[PDB]
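What follows is a short report on a single structure.
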Amino acid sequence: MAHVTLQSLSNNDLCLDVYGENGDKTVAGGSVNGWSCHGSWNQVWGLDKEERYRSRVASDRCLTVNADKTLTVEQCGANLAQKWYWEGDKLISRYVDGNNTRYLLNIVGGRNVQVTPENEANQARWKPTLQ
Amino acid sequence: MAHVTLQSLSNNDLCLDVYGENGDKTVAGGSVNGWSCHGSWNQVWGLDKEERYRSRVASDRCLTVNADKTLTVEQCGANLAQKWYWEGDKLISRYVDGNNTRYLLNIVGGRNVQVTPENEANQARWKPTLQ
Amino acid sequence: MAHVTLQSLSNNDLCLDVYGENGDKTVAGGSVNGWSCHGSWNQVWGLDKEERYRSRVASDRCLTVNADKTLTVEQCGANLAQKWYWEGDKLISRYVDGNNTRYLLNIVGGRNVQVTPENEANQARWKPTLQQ
Amino acid sequence: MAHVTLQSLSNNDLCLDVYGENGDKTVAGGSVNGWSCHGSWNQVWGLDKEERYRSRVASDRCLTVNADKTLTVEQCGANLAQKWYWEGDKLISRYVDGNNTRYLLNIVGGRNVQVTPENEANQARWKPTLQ
Amino acid sequence: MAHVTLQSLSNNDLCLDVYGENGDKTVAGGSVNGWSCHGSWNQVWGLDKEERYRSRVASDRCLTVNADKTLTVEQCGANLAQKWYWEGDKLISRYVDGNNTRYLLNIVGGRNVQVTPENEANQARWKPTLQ
Amino acid sequence: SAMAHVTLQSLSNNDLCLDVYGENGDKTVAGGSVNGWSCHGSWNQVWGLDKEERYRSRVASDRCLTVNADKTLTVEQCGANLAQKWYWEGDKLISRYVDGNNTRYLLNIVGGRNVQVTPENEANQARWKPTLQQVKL
Amino acid sequence: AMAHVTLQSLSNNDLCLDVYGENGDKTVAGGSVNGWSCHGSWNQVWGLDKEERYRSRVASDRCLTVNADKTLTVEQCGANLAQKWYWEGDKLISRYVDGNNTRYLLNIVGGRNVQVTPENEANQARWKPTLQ
Ligand SMILES: CC(=O)N[C@@H]1[C@@H](O)[C@H](O[C@@H]2O[C@H](CO)[C@H](O)[C@H](O)[C@H]2O)[C@@H](CO)O[C@H]1O
Ligand SMILES: CC(=O)N[C@@H]1[C@@H](O)[C@H](O[C@@H]2O[C@H](CO)[C@H](O)[C@H](O)[C@H]2O)[C@@H](CO)O[C@H]1O
Ligand SMILES: CC(=O)N[C@@H]1[C@@H](O)[C@H](O[C@@H]2O[C@H](CO)[C@H](O)[C@H](O)[C@H]2O)[C@@H](CO)O[C@H]1O
Ligand SMILES: CC(=O)N[C@@H]1[C@@H](O)[C@H](O[C@@H]2O[C@H](CO)[C@H](O)[C@H](O)[C@H]2O)[C@@H](CO)O[C@H]1O
Ligand SMILES: CC(=O)N[C@@H]1[C@@H](O)[C@H](O[C@@H]2O[C@H](CO)[C@H](O)[C@H](O)[C@H]2O)[C@@H](CO)O[C@H]1O
């Protein structure tokens with residue numbers, strides 16, 4: 001299982017980053033957004049065999065789509081909200097709801113990163129980059 | 001043969017699951033429906049050379065389409081009602097009748113899982129996930 | 001020589017079956033129709049180098065189209081009425097006549113199996129299933 | 001060189017067969033027509049390097065197209081009337097004339113086999129069958 | 001180098017043939033035309049790496065297009081009038097002139113063989129046949 | 001695949017290679033100008049595409065071809081910015097640089113020996129050939 | 001180790017690209033290149049190197065070069081696109097650029113005169129690199 005950064009190709013310098021809550025990166029429910037690439041622990045990810053992106057911040061922290069379509073890291077489970085797959089430079093969640101669309105990892109403005117309906121995902125290019 | 005869980009891609013957390021009879025998940029004629037994924041032995045399946053999805057609850061328990069399009073596990077035989085094949089993420093039964101349609105594994109309501117005529121099957125996406 | 005059962009995909013449980021005559025499956029001239037699958041010697045077939053389906057019931061017994069479009073097993077010969085080939089899940093005879101048509105292995109009611117014009121063969125899907 | 005019978009797929013039992021003359025199946029100029037399959041020396045053929053179909057009845061005996069489009073076996077030579085080639089199940093002569101057509105090996109009624117202009121050849125399917 | 005006869009497929013028995021002078025097939029400048037196939041040395045040819053068809057009648061005798069479109073054998077040189085290439089069963093000269101047409105080896109009547117402008121070459125099928 | 005040392009020669013100008021000019025004759029300088037020059041193959045004309053899609057100059061360690069905000073080119077210490085990432089489509093050499101203008105930027109000769117990146121639809125002298133180059137240590 | 005080739009025209013029954021040189025001396029830098037009947041001596045033998053230059057065998061370091069007036073010479077080998085050549089079928093194309101918006105093709109322009117010509121006007125521009 002390769003350790004990578006998830007670097008945007010839609011922004012000259014933005015990597016997927018665990019902000020956390022109040023300086024602590026390791027907390028469950030910690031927010032995930034974007035930040036300049038420094039490759040520190042809170043910017044390193046690994047894709048496990050259940051298609052979860054595991055954070056290197058702490059054991060059992062997974063990239064998780066929330067109801068409001070923000071991103072957090074959470075304990076690892078079997079929910080589709082923690083499953084991801086690549087189509088080219090697009091990183092796509094398996095999360096489903098009533099809207100009949102796929103959700104793509106996407107910059108929504110400034111350093112904010114969420115998931116967005118596929119047709120409205122305009123800053124949604126990423127590169128898994130070997131550490 | 002490879003043992004898998006059959007997890008829905010149409011529902012954020014649902015696995016094909018042997019309900020059984022009165023809590024007992026090993027009896028022939030036991031019911032099959034959906035449940036949150038946990039991977040225990042009554043959510044584990046294997047596709048044999050005769051195209052039957054054998055359940056890991058006990059020997060001789062094959063996923064079977066009934067006359068009323070509901071699902072059980074039964075002793076393994078040659079009926080097409082026990083035969084399955086994949087097309088992409090659709091899991092299709094060989095079962096035939098007067099209606100001249102193919103039937104697909106489908107979530108009809110909530111945690112109820114049946115087979116459904118292909119043209120009306122809208123929660124019928126599945127992924128065979130290795131255990 | 002690849003041994004198979006010929007199971008219908010148009011019927012939930014039917015295989016091509018040598019009924020035989022008077023009890024005996026061994027006999028030449030014996031009838032062929034459908035039965036539930038058990039894979040015993042009289043439901044197993046093998047396609048030889050001359051495109052004949054030879055039954056495991058006994059030596060020298062090939063699936064044969066009759067003029068009544070009924071099916072039997074007979075002594076092996078050169079005749080086209082004994083030649084078969086696949087097109088997807090259709091099993092087609094090389095038998096020719098005036099109707100300018102191809103004949104398909106087909107279920108023609110209940111457990112009865114015969115060859116039927118391609119245009120009219122509504123239950124003619126088959127799956128040759130490897131056996132061992 | 002593979003020894004084959006030349007069996008029609010347009011008739012339920014007919015193989016290309018050396019008749020001979022008044023009995024003698026080795027006579028040069030002997031007739032070739034159709035007959036029930038039995039795979040004796042006079043029904044076996046080999047396609048040689050110069051595209052000739054040589055009969056097993058004797059040395060130096062090729063399948064030959066005549067002026068009146070019937071068929072005999074003759075001493076082997078260079079003439080295009082003794083050259084044959086396959087296109088699918090059609091067996092085609094290299095014979096040329098003023099009619100601007102290819103000539104196909106073809107059943108012209110009963111057991112009479114001859115060659116026929118391509119557009120007119122309705123019983124012209126053949127299978128070279130390894131004896 | 002493969003020795004071949006150049007047999008016509010547009011005539012039932014015609015091979016490309018060095019006529020020579022006075023029965024001597026070896027003479028430089030000797031005429032080339034058609035004859036019935038017998039595959040003696042004046043009907044055997046070899047295509048060399050410079051695209052010349054060399055005759056076996058003697059060394060240094062290449063098939064040559066003359067300005068009046070007749071064919072001779074001559075000493076081998078670099079002229080396009082001696083270069084030949086195949087497209088299907090057409091044998092095409094590299095000869096050029098102001099007419100902007102390719103010239104094809106063609107039977108122009110009886111046993112007369114010449115090169116003919118492509119669009120009029122109606123007896124221009126050939127087969128190179130290993131000796 | 002091992003990093004191949006190449007020159008980057010224009011196919012839009014009869015003799016122009018991408019060249020580190022440096023500053024005051026010092027070709028090794030961080031932030032030194034890159035432009036065009038006639039081809040001679042010395043270290044300040046030799047480049048290598050690394051695993052992070054950066055074109056490293058042979059002039060010295062840690063020098064990558066970089067798009068500046070005014071679209072001129074320099075060599076700078078190597079990092080993660082898209083302004084140092086490059087990829088080929090045929091004979092076009094394209095920057096991963098992004099801004100608000102809805103365009104890809106291509107390596108392009110903008111006049112004489114000046115080389116910049118230019119919006120794709122205006123990039124008229126933008127053909128290049130990476131040419132394998134022997135380098136002596 | 002470059003393959004020896006002559007560059008033989010396919011638009012003329014006997015013409016090869018040929019170093020004429022200067023004052024009878026075929027080795028000289030600046031020497032003229034035009035056409036001649038094919039004999040395959042060294043002033044007609046060429047090799048395509050790894051920089052896409054056609055090197056002549058008359059001497060070390062003599063490359064086929066397009067001049068600004070579109071005539072051809074041999075010159076010291078360097079990086080100029082005026083010395084680079086590539087094939088598309090039987091067309092031999094220069095990488096030379098100028099303000100005219102055209103590719104230039106090796107072309108016979110009358111008699112034994114060989115130059116490069118704009119693609120759209122090059123009517124005697126077929127060639128074959130012929131292995132010696
Ligand atoms: C308590 C507190 O705010 N501490 C901050 C750290 O959060 C901060 O680390 C950075 O945090 C951002 C999110 O705002 C992002 O996650 C960066 O990757 C991470 O390095 C640190 C550096 O700015 O300053 C502390 O004071
Ligand atoms: C007697 C009785 O009802 N016992 C139940 C178990 O059935 C139950 O196990 C779960 O059963 C559901 C079906 O309703 C499904 O098959 C689950 O996968 C299975 O684990 C257990 C947990 O709910 O509770 C017992 O009391
Ligand atoms: C002296 C003389 O004319 N001898 C001839 C032979 O040339 C001739 O050979 C045949 O000639 C034809 C061309 O006319 C062709 O080249 C044949 O391949 C070649 O065999 C021979 C046979 O007719 O007769 C002699 O009289
Ligand atoms: C101090 C000074 O100006 N020295 C110059 C060198 O810069 C120069 O080298 C050439 O510089 C050009 C850029 O102008 C390009 O980088 C060439 O590759 C490089 O060789 C040299 C030759 O022009 O002259 C020195 O005096
Ligand atoms: C001094 C002088 O003119 N000498 C000539 C040779 O140049 C000449 O060689 C031929 O020259 C032509 C071009 O004119 C072409 O390059 C031929 O390949 C080459 O052989 C030679 C033969 O004509 O005669 C000498 O006198």
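The way I read the labels, and the way they are meant: chains A, B, ... in the order of the structure tokens, residue 1 as the first residue of every chain, and ligand 1 as the first ligand shown, with later ones counted on from there.
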I'd like a table as JSON lines: residues in chain A with an atom no more than 12 Å from chain F, each row giving the shortest atom pair and its distance in Å to one decimal, only C-alpha atoms counted, sorted by chain and rising residue number.
{"residue": "A:5", "atom": "CA", "partner": "F:80", "partner_atom": "CA", "distance": 10.7}
{"residue": "A:6", "atom": "CA", "partner": "F:80", "partner_atom": "CA", "distance": 11.7}
{"residue": "A:7", "atom": "CA", "partner": "F:80", "partner_atom": "CA", "distance": 8.8}
{"residue": "A:8", "atom": "CA", "partner": "F:82", "partner_atom": "CA", "distance": 8.9}
{"residue": "A:9", "atom": "CA", "partner": "F:96", "partner_atom": "CA", "distance": 7.2}
{"residue": "A:10", "atom": "CA", "partner": "F:98", "partner_atom": "CA", "distance": 6.7}
{"residue": "A:11", "atom": "CA", "partner": "F:98", "partner_atom": "CA", "distance": 6.2}
{"residue": "A:12", "atom": "CA", "partner": "F:82", "partner_atom": "CA", "distance": 4.7}
{"residue": "A:13", "atom": "CA", "partner": "F:81", "partner_atom": "CA", "distance": 5.2}
{"residue": "A:14", "atom": "CA", "partner": "F:81", "partner_atom": "CA", "distance": 8.5}
{"residue": "A:15", "atom": "CA", "partner": "F:80", "partner_atom": "CA", "distance": 9.8}
{"residue": "A:36", "atom": "CA", "partner": "F:81", "partner_atom": "CA", "distance": 9.0}
{"residue": "A:37", "atom": "CA", "partner": "F:80", "partner_atom": "CA", "distance": 6.7}
{"residue": "A:38", "atom": "CA", "partner": "F:80", "partner_atom": "CA", "distance": 8.4}
{"residue": "A:39", "atom": "CA", "partner": "F:80", "partner_atom": "CA", "distance": 9.6}
{"residue": "A:122", "atom": "CA", "partner": "F:102", "partner_atom": "CA", "distance": 11.0}
{"residue": "A:123", "atom": "CA", "partner": "F:98", "partner_atom": "CA", "distance": 10.6}
{"residue": "A:125", "atom": "CA", "partner": "F:96", "partner_atom": "CA", "distance": 11.3}
{"residue": "A:126", "atom": "CA", "partner": "F:82", "partner_atom": "CA", "distance": 11.6}
{"residue": "A:127", "atom": "CA", "partner": "F:52", "partner_atom": "CA", "distance": 10.6}
{"residue": "A:128", "atom": "CA", "partner": "F:52", "partner_atom": "CA", "distance": 11.1}
{"residue": "A:129", "atom": "CA", "partner": "F:52", "partner_atom": "CA", "distance": 8.1}
{"residue": "A:130", "atom": "CA", "partner": "F:52", "partner_atom": "CA", "distance": 9.0}
{"residue": "A:131", "atom": "CA", "partner": "F:52", "partner_atom": "CA", "distance": 10.5}
- Could you please extract the residues within 12 Å of ligand 2, counting only C-alpha atoms and all ligand atoms, and hand them back as JSON, numbers by chain? {"B": [14, 15, 16, 17, 18, 19, 20, 21, 22, 23, 24, 25, 26, 30, 31, 32, 33, 34, 35, 36, 37, 38, 39, 40, 41, 42, 43, 44, 57, 111, 112]}
Do you know which residues are at most 7 Å from residue G:122 counting only C-alpha atoms, after dropping those on the same chain fewer than 3 positions away, and could you put them as a tab-separated table (two decimals) with C-alpha atoms, in the first residue's frame?
chain	number	residue	atom	x	y	z
G	105	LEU	CA	10.66	18.86	-49.62
G	107	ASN	CA	12.65	18.03	-55.07
G	117	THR	CA	10.62	23.20	-52.64
G	118	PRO	CA	7.41	24.11	-50.76
G	119	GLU	CA	5.34	20.97	-50.20
G	125	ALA	CA	9.80	14.84	-54.91
- Can you tell me, as a ChimeraX atom specification, what residues are no more than 10 Å from residue B:59 when counting only C-alpha atoms, ignoring any on the same chain fewer than 5 positions away? /B:26,54,75-76
Using the selection just defined, write its residues with N, CA and C atoms as a short mmCIF file (atom, residue, chain, number, x, y, z; two decimals), in the first residue's frame.
data_model
loop_
_atom_site.label_atom_id
_atom_site.label_comp_id
_atom_site.auth_asym_id
_atom_site.auth_seq_id
_atom_site.Cartn_x
_atom_site.Cartn_y
_atom_site.Cartn_z
N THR B 26 -28.53 -20.97 9.68
CA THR B 26 -27.99 -22.12 8.94
C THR B 26 -29.05 -23.04 8.32
N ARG B 54 -22.65 -19.75 -3.12
CA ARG B 54 -22.72 -20.55 -1.91
C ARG B 54 -22.49 -19.67 -0.70
N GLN B 75 -30.41 -26.09 -0.47
CA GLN B 75 -29.54 -27.14 -0.96
C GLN B 75 -29.16 -26.90 -2.40
N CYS B 76 -27.92 -27.20 -2.73
CA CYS B 76 -27.39 -26.91 -4.04
C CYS B 76 -27.84 -27.91 -5.11
#
- Item | Nearest-residue call for chain D, choices C:81, C:130, C:104, C:115, using only C-alpha atoms |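 Ranked by minimum distance to chain D, first place goes to C:81.
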- Task: Throw together the list of residues within 6 Å of ligand 5, counting only C-alpha atoms and all ligand atoms, and drop it here as number ranges by chain.
- Result: G: 18-20, 23-24, 36
- Give the residues close to ligand 4, within 7 Å, counting only C-alpha atoms and all ligand atoms; write them as a ChimeraX atom specification. /F:19-22,24-26,37,44-45
Residues from the last selection, C-alpha atoms, saved as an mmCIF file, in the first residue's frame:
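Heads up, here's the output in out00.cif:
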data_model
loop_
_atom_site.group_PDB
_atom_site.id
_atom_site.type_symbol
_atom_site.label_atom_id
_atom_site.label_comp_id
_atom_site.auth_asym_id
_atom_site.auth_seq_id
_atom_site.Cartn_x
_atom_site.Cartn_y
_atom_site.Cartn_z
ATOM 1 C CA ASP F 19 19.324 27.861 -22.054
ATOM 2 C CA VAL F 20 20.027 29.036 -18.463
ATOM 3 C CA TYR F 21 21.339 32.543 -18.855
ATOM 4 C CA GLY F 22 21.933 32.929 -15.177
ATOM 5 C CA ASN F 24 26.171 38.167 -14.454
ATOM 6 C CA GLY F 25 27.636 35.103 -16.166
ATOM 7 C CA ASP F 26 26.942 32.806 -13.195
ATOM 8 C CA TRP F 37 20.349 30.505 -27.363
ATOM 9 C CA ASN F 44 23.362 25.152 -19.045
ATOM 10 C CA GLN F 45 21.514 23.665 -22.017
#
- Task: Please provide as number ranges by chain all residues within 12 Å of residue F:123, with the sequence filter that same-chain residues fewer than 5 positions apart are discarded (counting only C-alpha atoms).
- Result: F: 12, 92-94, 103-111, 115-118
Resulting file, chosen residues, N, CA and C atoms, as a CSV table (one decimal), in the first residue's frame:
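Wrote it out as part.csv, contents follow:
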chain,number,residue,atom,x,y,z
F,12,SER,N,10.7,25.4,-34.2
F,12,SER,CA,10.1,26.5,-34.8
F,12,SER,C,11.1,27.6,-35.0
F,92,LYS,N,4.7,19.6,-28.3
F,92,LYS,CA,4.3,20.7,-27.4
F,92,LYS,C,4.7,20.3,-26.0
F,93,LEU,N,5.4,21.3,-25.3
F,93,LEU,CA,5.8,21.2,-23.9
F,93,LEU,C,4.9,22.1,-23.1
F,94,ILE,N,4.1,21.5,-22.3
F,94,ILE,CA,3.0,22.2,-21.6
F,94,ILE,C,3.3,22.2,-20.1
F,103,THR,N,-6.9,28.4,-19.5
F,103,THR,CA,-6.0,28.1,-20.6
F,103,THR,C,-4.8,27.3,-20.1
F,104,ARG,N,-4.3,26.4,-20.9
F,104,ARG,CA,-3.0,25.8,-20.8
F,104,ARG,C,-2.0,26.8,-21.3
F,105,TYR,N,-0.8,26.7,-20.7
F,105,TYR,CA,0.3,27.5,-21.1
F,105,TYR,C,1.4,26.6,-21.7
F,106,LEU,N,1.9,27.0,-22.9
F,106,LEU,CA,2.9,26.2,-23.6
F,106,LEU,C,4.2,26.9,-23.7
F,107,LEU,N,5.3,26.2,-23.6
F,107,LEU,CA,6.6,26.8,-23.9
F,107,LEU,C,6.6,27.3,-25.3
F,108,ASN,N,7.0,28.6,-25.4
F,108,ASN,CA,6.9,29.3,-26.7
F,108,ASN,C,8.0,30.3,-26.9
F,109,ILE,N,8.4,30.4,-28.1
F,109,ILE,CA,9.3,31.6,-28.4
F,109,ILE,C,8.5,32.8,-28.7
F,110,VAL,N,8.7,33.9,-28.0
F,110,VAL,CA,7.8,35.1,-28.1
F,110,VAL,C,8.4,36.1,-28.9
F,111,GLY,N,9.7,36.0,-29.3
F,111,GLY,CA,10.4,36.8,-30.2
F,111,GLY,C,11.8,36.8,-30.0
F,115,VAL,N,12.1,33.3,-24.6
F,115,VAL,CA,11.2,32.1,-24.4
F,115,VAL,C,10.4,32.3,-23.2
F,116,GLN,N,9.1,32.1,-23.3
F,116,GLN,CA,8.1,32.3,-22.2
F,116,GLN,C,7.1,31.1,-22.2
F,117,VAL,N,6.1,31.1,-21.4
F,117,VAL,CA,5.0,30.3,-21.7
F,117,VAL,C,3.8,31.2,-22.1
F,118,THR,N,3.0,30.6,-23.0
F,118,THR,CA,2.0,31.4,-23.7
F,118,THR,C,0.7,30.7,-23.8
- Please provide as a list in words all residues within 7 Å of residue A:91, with the sequence filter that same-chain residues fewer than 4 positions apart are discarded (counting only C-alpha atoms).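 Near residue A:91, the qualifying residues are residues 84, 85, 86, 87, 104, 105 and 126 of chain A.
Using only C-alpha atoms, the part of chain F that sits within 12 Å of chain G is made up of residues 7, 8, 9, 10, 11, 12, 13, 14, 15, 16, 17, 37, 38, 39, 40, 41, 124, 125, 127, 128, 129, 130, 131, 132 and 133 of chain F.
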- Query: Quick one, how far is atom CA of residue E:80 from atom CA of residue G:53?
  - Reply: 26.5 Å
- How far is it from atom CA of residue C:110 to atom CA of residue C:124, in Å with one decimal?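 Between atom CA of residue C:110 and atom CA of residue C:124 the gap is 13.3 Å.
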- Pick from D:67, D:121, D:1, D:107: nearest to residue D:49, with only C-alpha atoms counted? D:1
- Query: Among stretch 3-125 of chain F, which residues carry a DSSP assignment of helix (DSSP H, G or I), reported as a PyMOL selection string?
  - Reply: chain F and resi 43-45+82-84+120-122
